[PDB]
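Novice: fold the following.
(one chain, ligands or ions: 1)
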Amino acid sequence: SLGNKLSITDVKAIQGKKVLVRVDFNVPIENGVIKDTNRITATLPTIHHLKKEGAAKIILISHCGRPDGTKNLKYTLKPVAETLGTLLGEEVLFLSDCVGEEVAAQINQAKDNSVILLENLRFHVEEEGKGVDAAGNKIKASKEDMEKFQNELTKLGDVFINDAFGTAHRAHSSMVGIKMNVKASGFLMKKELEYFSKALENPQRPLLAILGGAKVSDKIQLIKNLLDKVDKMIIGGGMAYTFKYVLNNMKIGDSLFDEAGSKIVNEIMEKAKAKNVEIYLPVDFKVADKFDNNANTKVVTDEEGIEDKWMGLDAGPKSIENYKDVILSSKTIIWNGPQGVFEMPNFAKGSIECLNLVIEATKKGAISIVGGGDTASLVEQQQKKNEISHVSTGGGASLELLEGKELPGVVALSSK
Ligand SMILES: O=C1N[C@H](c2ccc([N+](=O)[O-])o2)Nc2sc3c(c21)CCCC3
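Specialist: Numbering: from 1, shown residues only. Provided below are the atomic coordinates:
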């Protein structure tokens, strides 16, 4: 289950507690300078709630870069402490390790209600459970080494807050081994779990999935899992040409064709029929004579097909018209994939109209979830993030959740 997990707002006893918080501070650092501070800024509601609720210590644990289970000061969290300090308007204490008597002593010695940032968890092989030494030899932590490191992290505090949903798909020490009585989601994780629970457990129906992207192959698990939940599915973008070719023997010219993925199209269509899911493929396309925004373009229907040396780069006007009744009658929308080459303004119309319809449905009461990646970029470029119920930032974890995979970091949270 996803919706019955304990959240930071449900925690009653916070005053005078040492609160251990797993955050996502995997920020790009260019010679001591943080170039993107969004991940740091996104943890402020969690930190503010803990300070306001009178926490004795706010102990932050995270990772960044790729140290591979070895101390590697290129991936030091030291600059993150400085940036977080500036954002908080107070000094954030940075510690050179994350476990042990010395770290414990420094935490206890710190000013009450203050914020402490511990060094990168991934400097320890026990965090990921595997790594690589300096020489390049593979190293692995034994069950006992793992258990000892997990016990050491547990000894740092009294209450555990997991605000790192983007790492919850991993059975890492900081996701599964912090054995405190209260293990609650932080505000970021709370929102992710709340909205993914709304979309996938007992959703408000009709439930619609809007899928797109360049390939079929990397979306098979996602499609097959969503066919067990949804009532309707729009399949668009580059992946649609593979479907039109296999299903209707439609000429696709130089459009994208997924050779491995083409062999699974019939299975997908057969599962959709078994599950009584309505599939909506494009019936027309905006084609181009070159892969370029300034290409010569025209509209072809799926009855005409695409001529040799031409390529489909967006859904056509009829396919765009067909979205309207599908999207506007939907009460829950999971959107994972653009409907064309949105990076080229002349082939963004299908994706932009899909966005306008999803927004319209949301204003009228639908719950809209944007999976991430390219769809999130489109919503961001169009400046419409606040018009969508939830734009997930969980990356790989959001994708695994939608593929029906186990999230160990979620499983390890307390139940409400
Ligand atoms: O790299 C490419 N991707 C695009 C793509 C992505 C999504 C969609 N869509 O149509 O939605 O198309 N379509 C083509 S034709 C084409 C290329 C691409 C590369 C050069 C040869 C011709």
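Novice: got a list of what whichever residue of the stretch 151-300 of the chain sits closest to the ligand touches?
Specialist: Here the stretch 151-300 of the chain gets closest to the ligand at one residue, residue 238, 3.2 Å apart by C-beta to the nearest ligand atom. Bear in mind the C-beta positions are built from the backbone N, C-alpha and C, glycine included. Shown in contact with residue 238 (C-beta atoms under 8 Å, 6 or more residues apart in numbering): 212, 213, 214, 215, 255, 256, 341.
Novice: please redo it, this time with the cut-off set to 7 Å
Specialist: Residue 238 is in contact with 213, 214, 215, 256, counting by C-beta atoms under 7 Å, 6 or more residues apart in numbering.
Novice: distance-wise, check the last one relative to residue 326.
Specialist: This points to residue 256. Residue 256 sits 23 Å away from residue 326, going by C-beta to C-beta, to the nearest Å.
Novice: picking that back up, if you rank the contacts of residue 238 by neighbours, which is first?
Specialist: residue 213 (22 neighbours; other C-beta atoms under 10 Å).
Novice: is it true that that one touches residue 339?
Specialist: No: using C-beta atoms under 7 Å, residue 213 makes no contact with residue 339, being 9.7 Å away.
Novice: shared neighbours, those two?
Specialist: Common neighbours of residue 213 and residue 339 (C-beta under 7 Å, 6+ apart) are residue 237.
Novice: quick one: name the residues of the protein near the ligand.
Specialist: Proximity of the chain to the ligand, by C-beta under 6 Å from any ligand atom, involves residues 214, 237, 238, 254, 255, 256, 291, 311, 312, 313, 340, 341.
Novice: which parts of this protein belong to which domain?
Specialist: Using curated CATH domains, the domain parsing of the chain gives 3-189, 195-403.
Novice: what segments of the stretch 251-400 of the chain are strands?
Specialist: Counting by DSSP state E, counting those that start in this stretch, the stretch 251-400 of the chain has these strands, from start to end: 278-280, 284-288, 297-301, 311-315, 332-336, 367-370, 390-391.
Novice: mind checking which of those is nearest residue 10?
Specialist: strand 390-391 (19.6 Å; C-beta to C-beta).
Novice: how much space between residue 413 and residue 364?
Specialist: From residue 413 to residue 364 the distance is 33 Å (C-beta to C-beta).
Novice: do the same with residue 26
Specialist: 37 Å.
Novice: those two: who's more crowded?
Specialist: The neighbour comparison of residue 26 against residue 364 (other C-beta under 10 Å) goes to residue 26, with 21 against 9.
Novice: residue 63 is in contact with the more buried one, correct?
Specialist: Yes: contact criterion C-beta under 7 Å: residue 26 and residue 63 qualify, at 6.3 Å.
Novice: how far away is the closest residue to residue 371 other than its chain neighbours from residue 223?
Specialist: Take residue 371 and drop its neighbours on the chain: the residue closest to it by C-beta to C-beta, 6 or more residues apart in numbering is residue 336, 3.3 Å away. Here residue 336 is placed at a distance of 10 Å from residue 223 (C-beta to C-beta).
Novice: next: residue 103.
Specialist: Using C-beta to C-beta, one gets 46 Å for the distance from residue 103 to residue 223.
Novice: neighbour-wise, which of those two wins?
Specialist: Using other C-beta under 10 Å as the criterion, residue 103 and residue 223 rank with residue 223 on top: 23 against 20.
Novice: Three-state assignment for that one, please.
Specialist: helix (DSSP: H, G, I helix; E, B strand; the rest coil).
Novice: the one 5 residues further on now?
Specialist: When the structure is reduced to helix, strand and coil (three-state DSSP), residue 228 reads as coil.
Novice: so how many other residues sit close to the nearest residue to it once chain neighbours are set aside?
Specialist: Spatially, and ignoring its direct neighbours in sequence, residue 228 is nearest to residue 275 (6.6 Å; C-beta to C-beta, 6+ apart). Counted with other C-beta under 10 Å, residues neighbouring residue 275 total 14.
Novice: how close does residue 275 get to residue 23?
Specialist: 39 Å.
Novice: and what of residue 391?
Specialist: Residue 391 sits 19 Å away from residue 23, going by C-beta to C-beta.
Novice: neighbour-wise, which of the two wins?
Specialist: Comparing residue 391 with residue 23 by other C-beta under 10 Å, the one with more neighbours is residue 23, at 26 against 20.
Novice: list the contacts of the more buried one.
Specialist: 43, 60, 62, 163, 164.
Novice: the nearest residue to residue 123 once chain neighbours are set aside: how many residues sit nearby?
Specialist: Counting by C-beta to C-beta, 6+ apart, residue 71 is the residue found nearest to residue 123 once chain neighbours are left out, at 4.5 Å. For residue 71, the neighbour count with other C-beta under 10 Å is 15.
Novice: what's the answer for the one 4 residues further on, then?
Specialist: By the criterion of other C-beta under 10 Å, residue 75 has 19 neighbours.
Novice: surely residue 180 and residue 154 touch.
Specialist: Yes: assessed by C-beta under 7 Å, residue 180 is found in contact with residue 154 at 6.2 Å.
Novice: how about stretch 255-266: buried residues?
Specialist: By neighbour count on 16 or more other C-beta atoms under 10 Å, the buried set for stretch 255-266 is 255, 256, 257, 258, 261, 262, 264, 265.
Novice: how far off centre is that stretch?
Specialist: Distance of stretch 255-266 from its chain centroid, counting by C-alpha atoms, centre = their mean, to the nearest Å, is 26 Å.
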